[PDB]
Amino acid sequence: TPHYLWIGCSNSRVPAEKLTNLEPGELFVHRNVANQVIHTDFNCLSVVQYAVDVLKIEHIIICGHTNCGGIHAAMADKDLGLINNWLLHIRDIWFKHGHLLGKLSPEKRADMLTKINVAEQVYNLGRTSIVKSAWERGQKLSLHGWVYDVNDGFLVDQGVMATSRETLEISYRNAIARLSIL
């Protein structure tokens, strides 16, 4: 069996199976643009459901990365057609935390939003009924939010790690709090 679901970015500089030292065929993988878990996305949420319910996976890892073309385009003011719609979700976050990112130099900004994004996505994953109910029936399931420093090797980027719904709150809220005061 696989023991982890890996939700990562479609981008190539992020190879899930290679960068970790984990055994081959242990990762059940979903990748989309800027690693998103949108409330109304049947594509991602099907993988999560197949993972949790069918494969009884005990760990979902969400994982962003620095220099993500996703995050950059999300902040660019440029019509690239259909991706612009998908990235508007990321922009909602950008402006949700706009005061933080406002302060930052216009490049720390890119990587900060990258970190914030993962937190927010773990937060979406955690409010999923797929996940929520797995918890409620006593299933062991932990969520995780990391960022792969593409020029280095990754950080358990955040204390954004839930094993229940309340631990989701503690984690996320602390995550956001911390990153809005260094």
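We number the residues from 1 along the sequence you see.
Undergrad: Name the higher of the two by mean Cα B-factor in the PDB entry, 10-18 versus 161-169.
TA: Between 10-18 and 161-169, it is 10-18.
Undergrad: According to the deposited model, is the average Cα temperature factor higher in 104-112 or in 67-75?
TA: Comparing averages over the C-alpha atoms only gives 104-112.
Undergrad: Per the entry's Cα B factor values, which of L155, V33, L141, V54 stands out as the maximum?
TA: Checking the PDB record, the top C-alpha B-factor among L155, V33, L141, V54 is at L155.
Undergrad: C-alpha B factor of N151, ranked within the chain: lowest, middle or highest third?
TA: As the PDB entry reports it, the C-alpha B-factor of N151 lands in the highest third of its chain.
Undergrad: Sorting the chain's CA B-factors, does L45 end up in the lowest, middle or highest third?
TA: It belongs to the middle third of the chain when residues are ordered by C-alpha B-factor.
Undergrad: Could you say whether, by C-alpha temperature factor, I38 belongs to the lowest, middle or highest third of its chain?
TA: Middle third by C-alpha B-factor.
Undergrad: Classify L27 as lowest, middle or highest third according to the C-alpha B-factor given in the PDB entry, relative to its own chain.
TA: For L27, the deposited C-alpha B-factor lands in the highest third.
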